[PDB]
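Engineer: so I've got this experimental structure, pasted below with the sequence.
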Amino acid sequence: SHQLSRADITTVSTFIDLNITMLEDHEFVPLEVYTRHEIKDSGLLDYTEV
Amino acid sequence: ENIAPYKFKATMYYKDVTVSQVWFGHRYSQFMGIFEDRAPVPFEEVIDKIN
């Protein structure tokens, strides 16, 4: 009769799917609550500058 | 939390009063005492004279 392309016939899946996703690259920036300076300035008086 | 102090501007008016007692020798002079003091400038001199 004739020939047929492979895609012309319905394909049923005989495979089991596993969707493994990678862990994304991340960056940590320098973060701090109070800098060394802020702590120095927190004092009411400084002997050196006085 | 806030740890920095509240900062503002101020102006200080005062007078440095220094009274010195000196003994004059034959060939030299000497300090027998130097009294140094700080005195407030009154309101009637800050407003009326300085300002």
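Structural biologist: Happy to help now that I have it. Residues are numbered from 1 along each chain as shown, chains lettered A, B, ... in the order given.

Engineer: contacting residues for the closest residue to chain B within chain A?
Structural biologist: Nearest residue of chain A to chain B: residue A:42, at 4.3 Å (C-beta to the nearest C-beta). From N, CA and C alone the C-beta is placed, and that goes for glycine too. Taking C-beta atoms under 8 Å, 6 or more residues apart in numbering or on different chains as the criterion, residue A:42 is in contact with A:34, B:3, B:4, B:5.

Engineer: of these - the most surrounded one?
Structural biologist: residue A:34 (13 neighbours; other C-beta atoms under 10 Å in any protein chain shown).

Engineer: residues contacting the residue lying closest to that residue once chain neighbours are set aside?
Structural biologist: Excluding its sequence neighbours, the residue lying closest to residue A:34 (C-beta to C-beta, 6 or more residues apart in numbering or on different chains) is residue B:3, at 6.8 Å. Going by C-beta under 8 Å, 6+ apart, residue B:3 touches A:34, A:38, A:39, A:42.

Engineer: kindly report the same for residue B:50.
Structural biologist: B:13, B:41.

Engineer: from chain A, how far out is it?
Structural biologist: 25 Å (C-beta to the nearest C-beta, to the nearest Å).

Engineer: repeat for residue B:31
Structural biologist: Counting by C-beta to the nearest C-beta, the separation of residue B:31 from chain A is 28 Å.

Engineer: good, we can wrap up now.
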